[PDB]
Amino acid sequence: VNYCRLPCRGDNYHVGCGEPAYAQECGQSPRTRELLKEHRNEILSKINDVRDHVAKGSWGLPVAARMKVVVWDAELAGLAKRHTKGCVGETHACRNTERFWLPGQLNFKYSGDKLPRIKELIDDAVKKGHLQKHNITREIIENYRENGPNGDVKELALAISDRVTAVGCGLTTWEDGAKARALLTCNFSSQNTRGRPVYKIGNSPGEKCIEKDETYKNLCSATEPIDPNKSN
């Protein structure tokens, strides 16, 4: 759609409006990086692996009643890509779409002497989020607080939201401060709501799916009619 004509509460500019430009903050060697089919599958795979483990009742975390298999969203991905071109993690830009009224977003910054391959950047972000299982409590799951803590849970808690139905990421790499740098941004179809459950508890995993998936046995299939625009 036309993002310059899709308003949002707060009336902030939309990340998607106008022509794509690289931010000055990107220095003078920025390059946007295409997440190819294998990159999108790896991302989907890791996010669905962990959703399946958690919904199972892993880490004493409660069992999940209706946690869905996630799909890639090209629209979210475009907005993510476009966001990385600003070379900055946090902005007040709007990023809503017609389908996903309040998309969550995660940003993974990298800084080092050398630039790792795209796959290595993704595994870094996967590793970072995975490492928060040492931080996420069932308390957090019953009643989302982001801080907390100690310590950080936002990344992992967003990957296991049962309101989330779709993800889309983008990547820009550049050079500044004598370091190779990268911003990896993932937009999600939904977001965790402060004070509300990350996902709804059950006795059996997926006991509330119309249809459980055949690969991620503890999750609802791709066609589960979850509303990503309602919170828990």
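Don't overthink the numbering: it's just position in the shown sequence, from 1.
Taking the mean C-alpha B-factor of each stretch as recorded, 185 to 193 and 33 to 41 are not equal, and the higher mean is that of 33 to 41. Stretches 7 to 15 and 208 to 216 differ in mean C-alpha B factor, with the higher average recorded for 208 to 216. Ranking 78, 86, 148, 103 by Cα temperature factor from the entry places 148 first.
The PDB entry gives the largest Cα B-factor of the residues 90, 142, 98, 162 to 142. Per-chain ranking of the deposited C-alpha B factor places residue 168 in the lowest third. Per the deposited record, the Cα B-factor of residue 47 falls in the lowest third when ranked against the other modelled residues of its chain. In the PDB entry, residue 70 places in the lowest third of its chain by CA B-factor. The PDB entry assigns residue 156 a C-alpha temperature factor belonging to the middle third of its chain's modelled residues. Residue-level temperature factors show residue 21 in the middle third of its chain, judged at the C-alpha atom.
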